[PDB]
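**Student:** Next up, work.cif (mmCIF, N, CA and C atoms).
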```
data_data
#
loop_
_atom_site.group_PDB
_atom_site.id
_atom_site.type_symbol
_atom_site.label_atom_id
_atom_site.label_comp_id
_atom_site.auth_asym_id
_atom_site.auth_seq_id
_atom_site.Cartn_x
_atom_site.Cartn_y
_atom_site.Cartn_z
ATOM 1 N N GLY A 1 -51.595 -7.512 -7.174
ATOM 2 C CA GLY A 1 -52.817 -8.329 -7.336
ATOM 3 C C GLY A 1 -53.813 -8.060 -6.236
ATOM 4 N N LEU A 2 -55.098 -8.127 -6.570
ATOM 5 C CA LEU A 2 -56.156 -7.886 -5.596
ATOM 6 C C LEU A 2 -56.179 -8.999 -4.558
ATOM 7 N N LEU A 3 -55.952 -10.219 -5.023
ATOM 8 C CA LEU A 3 -55.933 -11.383 -4.154
ATOM 9 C C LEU A 3 -54.690 -11.372 -3.268
ATOM 10 N N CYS A 4 -54.907 -11.426 -1.967
ATOM 11 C CA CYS A 4 -53.820 -11.427 -1.001
ATOM 12 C C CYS A 4 -53.480 -12.865 -0.610
ATOM 13 N N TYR A 5 -52.247 -13.108 -0.181
ATOM 14 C CA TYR A 5 -51.834 -14.444 0.193
ATOM 15 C C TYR A 5 -51.084 -14.454 1.520
ATOM 16 N N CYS A 6 -50.954 -15.645 2.058
ATOM 17 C CA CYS A 6 -50.259 -15.882 3.313
ATOM 18 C C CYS A 6 -48.783 -16.154 3.032
ATOM 19 N N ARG A 7 -47.892 -15.652 3.880
ATOM 20 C CA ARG A 7 -46.468 -15.864 3.671
ATOM 21 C C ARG A 7 -45.712 -15.863 4.991
ATOM 22 N N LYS A 8 -44.844 -16.847 5.159
ATOM 23 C CA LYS A 8 -44.049 -16.975 6.373
ATOM 24 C C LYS A 8 -42.958 -15.909 6.440
ATOM 25 N N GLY A 9 -42.637 -15.498 7.658
ATOM 26 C CA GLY A 9 -41.617 -14.491 7.872
ATOM 27 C C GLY A 9 -42.157 -13.086 7.752
ATOM 28 N N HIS A 10 -42.582 -12.734 6.550
ATOM 29 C CA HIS A 10 -43.148 -11.415 6.267
ATOM 30 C C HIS A 10 -43.516 -11.302 4.794
ATOM 31 N N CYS A 11 -44.087 -10.162 4.430
ATOM 32 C CA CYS A 11 -44.497 -9.888 3.056
ATOM 33 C C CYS A 11 -43.298 -9.846 2.117
ATOM 34 N N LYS A 12 -43.580 -9.863 0.821
ATOM 35 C CA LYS A 12 -42.543 -9.779 -0.191
ATOM 36 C C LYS A 12 -41.974 -8.366 -0.167
ATOM 37 N N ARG A 13 -40.742 -8.198 -0.620
ATOM 38 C CA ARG A 13 -40.109 -6.883 -0.633
ATOM 39 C C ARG A 13 -40.762 -5.977 -1.674
ATOM 40 N N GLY A 14 -41.935 -5.479 -1.329
ATOM 41 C CA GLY A 14 -42.678 -4.619 -2.216
ATOM 42 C C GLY A 14 -44.171 -4.812 -2.063
ATOM 43 N N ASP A 15 -44.563 -5.887 -1.388
ATOM 44 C CA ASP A 15 -45.982 -6.186 -1.191
ATOM 45 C C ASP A 15 -46.634 -5.231 -0.198
ATOM 46 N N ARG A 16 -47.880 -5.526 0.135
ATOM 47 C CA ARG A 16 -48.642 -4.720 1.079
ATOM 48 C C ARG A 16 -49.142 -5.612 2.205
ATOM 49 N N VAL A 17 -48.777 -5.284 3.433
ATOM 50 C CA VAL A 17 -49.181 -6.077 4.585
ATOM 51 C C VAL A 17 -50.636 -5.825 4.975
ATOM 52 N N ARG A 18 -51.316 -6.899 5.332
ATOM 53 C CA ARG A 18 -52.705 -6.837 5.763
ATOM 54 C C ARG A 18 -52.781 -7.124 7.249
ATOM 55 N N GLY A 19 -52.036 -8.134 7.661
ATOM 56 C CA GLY A 19 -52.009 -8.518 9.056
ATOM 57 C C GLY A 19 -51.276 -9.821 9.269
ATOM 58 N N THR A 20 -51.671 -10.553 10.292
ATOM 59 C CA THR A 20 -51.058 -11.830 10.604
ATOM 60 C C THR A 20 -51.837 -12.978 9.971
ATOM 61 N N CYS A 21 -51.140 -14.058 9.653
ATOM 62 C CA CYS A 21 -51.770 -15.218 9.043
ATOM 63 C C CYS A 21 -51.771 -16.386 10.017
ATOM 64 N N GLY A 22 -50.617 -16.634 10.609
ATOM 65 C CA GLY A 22 -50.485 -17.710 11.564
ATOM 66 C C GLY A 22 -49.159 -17.652 12.283
ATOM 67 N N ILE A 23 -48.718 -18.786 12.812
ATOM 68 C CA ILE A 23 -47.450 -18.851 13.524
ATOM 69 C C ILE A 23 -46.301 -18.514 12.590
ATOM 70 N N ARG A 24 -45.803 -17.300 12.738
ATOM 71 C CA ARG A 24 -44.703 -16.776 11.931
ATOM 72 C C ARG A 24 -45.114 -16.587 10.468
ATOM 73 N N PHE A 25 -46.405 -16.358 10.232
ATOM 74 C CA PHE A 25 -46.908 -16.119 8.883
ATOM 75 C C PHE A 25 -47.693 -14.823 8.875
ATOM 76 N N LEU A 26 -47.515 -14.039 7.835
ATOM 77 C CA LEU A 26 -48.214 -12.774 7.704
ATOM 78 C C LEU A 26 -49.106 -12.791 6.477
ATOM 79 N N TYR A 27 -50.180 -12.034 6.548
ATOM 80 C CA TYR A 27 -51.116 -11.927 5.446
ATOM 81 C C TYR A 27 -50.799 -10.655 4.673
ATOM 82 N N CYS A 28 -50.455 -10.801 3.398
ATOM 83 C CA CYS A 28 -50.093 -9.656 2.571
ATOM 84 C C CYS A 28 -50.629 -9.806 1.152
ATOM 85 N N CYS A 29 -50.600 -8.717 0.402
ATOM 86 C CA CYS A 29 -51.073 -8.717 -0.975
ATOM 87 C C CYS A 29 -49.927 -8.352 -1.916
ATOM 88 N N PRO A 30 -49.742 -9.133 -2.991
ATOM 89 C CA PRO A 30 -48.669 -8.919 -3.974
ATOM 90 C C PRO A 30 -48.720 -7.548 -4.644
ATOM 91 N N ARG A 31 -47.544 -6.943 -4.813
ATOM 92 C CA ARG A 31 -47.425 -5.630 -5.442
ATOM 93 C C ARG A 31 -48.038 -5.650 -6.838
ATOM 94 N N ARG A 32 -47.523 -6.528 -7.687
ATOM 95 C CA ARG A 32 -48.021 -6.668 -9.045
ATOM 96 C C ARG A 32 -49.315 -7.463 -9.043
#
```
As structure tokens, please, write out the structure in this file.

**Tutor:**
Amino acid sequence: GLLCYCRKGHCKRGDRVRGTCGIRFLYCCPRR
């Protein structure tokens, strides 16, 4: 998906990392 989301720990096993989101949260974009 074009829309990226925030996720704790790390991105989904297949997503694309963008950067950091917050305390123990990373900003990534969904594979599908």

**Student:** Exactly which residues make up the result of the PyMOL selection byres ((chain A and resi 26) around 7) on this file, given as a PDB file with N, CA and C atoms, in the coordinates of the input?

**Tutor:**
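What ended up in result_7.pdb:
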```pdb
ATOM      1  N   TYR A   5     -52.247 -13.108  -0.181  1.00  0.00           N
ATOM      2  CA  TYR A   5     -51.834 -14.444   0.193  1.00  0.00           C
ATOM      3  C   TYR A   5     -51.084 -14.454   1.520  1.00  0.00           C
ATOM      4  N   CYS A   6     -50.954 -15.645   2.058  1.00  0.00           N
ATOM      5  CA  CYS A   6     -50.259 -15.882   3.313  1.00  0.00           C
ATOM      6  C   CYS A   6     -48.783 -16.154   3.032  1.00  0.00           C
ATOM      7  N   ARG A   7     -47.892 -15.652   3.880  1.00  0.00           N
ATOM      8  CA  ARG A   7     -46.468 -15.864   3.671  1.00  0.00           C
ATOM      9  C   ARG A   7     -45.712 -15.863   4.991  1.00  0.00           C
ATOM     10  N   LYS A   8     -44.844 -16.847   5.159  1.00  0.00           N
ATOM     11  CA  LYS A   8     -44.049 -16.975   6.373  1.00  0.00           C
ATOM     12  C   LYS A   8     -42.958 -15.909   6.440  1.00  0.00           C
ATOM     13  N   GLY A   9     -42.637 -15.498   7.658  1.00  0.00           N
ATOM     14  CA  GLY A   9     -41.617 -14.491   7.872  1.00  0.00           C
ATOM     15  C   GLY A   9     -42.157 -13.086   7.752  1.00  0.00           C
ATOM     16  N   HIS A  10     -42.582 -12.734   6.550  1.00  0.00           N
ATOM     17  CA  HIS A  10     -43.148 -11.415   6.267  1.00  0.00           C
ATOM     18  C   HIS A  10     -43.516 -11.302   4.794  1.00  0.00           C
ATOM     19  N   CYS A  11     -44.087 -10.162   4.430  1.00  0.00           N
ATOM     20  CA  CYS A  11     -44.497  -9.888   3.056  1.00  0.00           C
ATOM     21  C   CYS A  11     -43.298  -9.846   2.117  1.00  0.00           C
ATOM     22  N   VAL A  17     -48.777  -5.284   3.433  1.00  0.00           N
ATOM     23  CA  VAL A  17     -49.181  -6.077   4.585  1.00  0.00           C
ATOM     24  C   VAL A  17     -50.636  -5.825   4.975  1.00  0.00           C
ATOM     25  N   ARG A  18     -51.316  -6.899   5.332  1.00  0.00           N
ATOM     26  CA  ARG A  18     -52.705  -6.837   5.763  1.00  0.00           C
ATOM     27  C   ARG A  18     -52.781  -7.124   7.249  1.00  0.00           C
ATOM     28  N   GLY A  19     -52.036  -8.134   7.661  1.00  0.00           N
ATOM     29  CA  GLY A  19     -52.009  -8.518   9.056  1.00  0.00           C
ATOM     30  C   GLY A  19     -51.276  -9.821   9.269  1.00  0.00           C
ATOM     31  N   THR A  20     -51.671 -10.553  10.292  1.00  0.00           N
ATOM     32  CA  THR A  20     -51.058 -11.830  10.604  1.00  0.00           C
ATOM     33  C   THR A  20     -51.837 -12.978   9.971  1.00  0.00           C
ATOM     34  N   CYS A  21     -51.140 -14.058   9.653  1.00  0.00           N
ATOM     35  CA  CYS A  21     -51.770 -15.218   9.043  1.00  0.00           C
ATOM     36  C   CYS A  21     -51.771 -16.386  10.017  1.00  0.00           C
ATOM     37  N   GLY A  22     -50.617 -16.634  10.609  1.00  0.00           N
ATOM     38  CA  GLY A  22     -50.485 -17.710  11.564  1.00  0.00           C
ATOM     39  C   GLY A  22     -49.159 -17.652  12.283  1.00  0.00           C
ATOM     40  N   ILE A  23     -48.718 -18.786  12.812  1.00  0.00           N
ATOM     41  CA  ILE A  23     -47.450 -18.851  13.524  1.00  0.00           C
ATOM     42  C   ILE A  23     -46.301 -18.514  12.590  1.00  0.00           C
ATOM     43  N   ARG A  24     -45.803 -17.300  12.738  1.00  0.00           N
ATOM     44  CA  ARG A  24     -44.703 -16.776  11.931  1.00  0.00           C
ATOM     45  C   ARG A  24     -45.114 -16.587  10.468  1.00  0.00           C
ATOM     46  N   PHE A  25     -46.405 -16.358  10.232  1.00  0.00           N
ATOM     47  CA  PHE A  25     -46.908 -16.119   8.883  1.00  0.00           C
ATOM     48  C   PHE A  25     -47.693 -14.823   8.875  1.00  0.00           C
ATOM     49  N   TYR A  27     -50.180 -12.034   6.548  1.00  0.00           N
ATOM     50  CA  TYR A  27     -51.116 -11.927   5.446  1.00  0.00           C
ATOM     51  C   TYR A  27     -50.799 -10.655   4.673  1.00  0.00           C
ATOM     52  N   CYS A  28     -50.455 -10.801   3.398  1.00  0.00           N
ATOM     53  CA  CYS A  28     -50.093  -9.656   2.571  1.00  0.00           C
ATOM     54  C   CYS A  28     -50.629  -9.806   1.152  1.00  0.00           C
TER      55      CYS A  28
END
```

**Student:** For the PyMOL selection byres ((chain A and resi 2) around 7), applied here, can you spell out every residue it catches as a list in words?

**Tutor:**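 Expected selection for the PyMOL selection byres ((chain A and resi 2) around 7) here is residues 1, 3, 4, 29, 30 and 32 of chain A.
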
**Student:** Which of chain A counts as strand (DSSP E or B) under DSSP, as an NGL selection string please?

**Tutor:** :A and (5-8 or 16-22 or 25-29)
